[PDB]
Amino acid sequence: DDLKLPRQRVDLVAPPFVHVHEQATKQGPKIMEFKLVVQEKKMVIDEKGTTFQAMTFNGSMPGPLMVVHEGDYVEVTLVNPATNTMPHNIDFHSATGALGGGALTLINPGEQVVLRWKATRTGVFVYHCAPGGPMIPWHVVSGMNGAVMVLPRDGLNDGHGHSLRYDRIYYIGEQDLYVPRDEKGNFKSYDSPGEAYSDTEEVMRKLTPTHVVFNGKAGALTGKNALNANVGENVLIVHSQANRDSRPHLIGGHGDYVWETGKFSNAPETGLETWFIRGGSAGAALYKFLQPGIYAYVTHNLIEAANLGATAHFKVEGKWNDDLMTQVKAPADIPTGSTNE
């Protein structure tokens, strides 16, 4: 027992929600204990009911958000149940050495492994499966990726000596999927990930996804699963993309404070319209809602947002501010005396 710190077990929750944590803490460093269970399963990924052979951490795309503080140790039990068919591992971009932990965590079905890494770098970071060779992109684009957030012990700041505090936090994992089609253009179904592999690899090689989804499927964060907020709330939106670039935009809003490279040692940019998540990274945006109503959160390739699945909704309760925006005259017939050339 060389490392003599207090241990704290964390129960992970399904995205887009985030397990209970403190922003600022005066506790010393702890060993923060997490468990991730690999689950291979068929999942529905679009509104027409297209299925595909997914591979996940904890049964979700993305994997759950892990939250710790700078100087904590993160002790992860990775479990690969014997119902799975492939070996898996885990690479933390937040970690130092052994390919992020991938070189120490390769487990066959029926095995588990325990990795400990010190959280020396602040920010939001991708984690993902990386077995080796062509298996790396295949496991990642099959759904085996998530994120970890390492907060400064004093919480967030604006990089100019002022504390920032969020009222709410959501984790938006964006997934590029490569679903094979038959000669007529219909999506193909398979009985196992292994059976899907050869056809999937051919789609992956052309670098054009068939679907781009938040929280594992088209429409996942729309309708009844819209994200909730209130006028005046500072909301932190963590956005990850393990394989492909994304350009997040809150329609009707802004990024008040944006860490687009996702690392809290760097001051955020202010008042962004659209920001950029480089493939293989996580970023974070803080926004204080000023108006009630529906907001679409998109990647601002609008073809991807509207036609390949990459739209989420916020439903924001409160009172409308007519000073910021108003309809001066409702839609009306163009006046007869108008010239419009």
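Numbering starts at 1 and follows the sequence shown. Heads up, when I say rigid core I mean the largest set of C-alphas that superpose within 1.5 Å between the two forms.
Farther from the shown form on average, by C-alpha root mean square after a core fit in 9 other deposited structures of this protein, is 329-337, of the stretches 329-337 and 14-22. The mean C-alpha temperature factor is higher for 107-115 when 107-115 and 235-243 are set side by side. Look at the mean CA B-factor for 181-189 and for 166-174 in the entry; the higher one is 181-189. Per the deposited coordinates, the residue with the largest Cα temperature factor out of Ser198, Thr270, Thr210, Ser94 is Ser198.
Taking the deposited Cα B-factors for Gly63, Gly49, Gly279, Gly28, the highest one is held by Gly28. Residue-level temperature factors show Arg205 in the middle third of its chain, judged at the C-alpha atom. In this PDB entry, the Cα temperature factor of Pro331 sits in the top third of its chain's modelled residues, the highest group. The PDB entry assigns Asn301 a C-alpha temperature factor belonging to the middle third of its chain's modelled residues.
Among all modelled residues in this chain, the alpha-carbon of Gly255 has a temperature factor (C-alpha) in the middle third.
In the deposited entry, the Cα temperature factor of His313 sits in the middle third of values across the chain's modelled residues.
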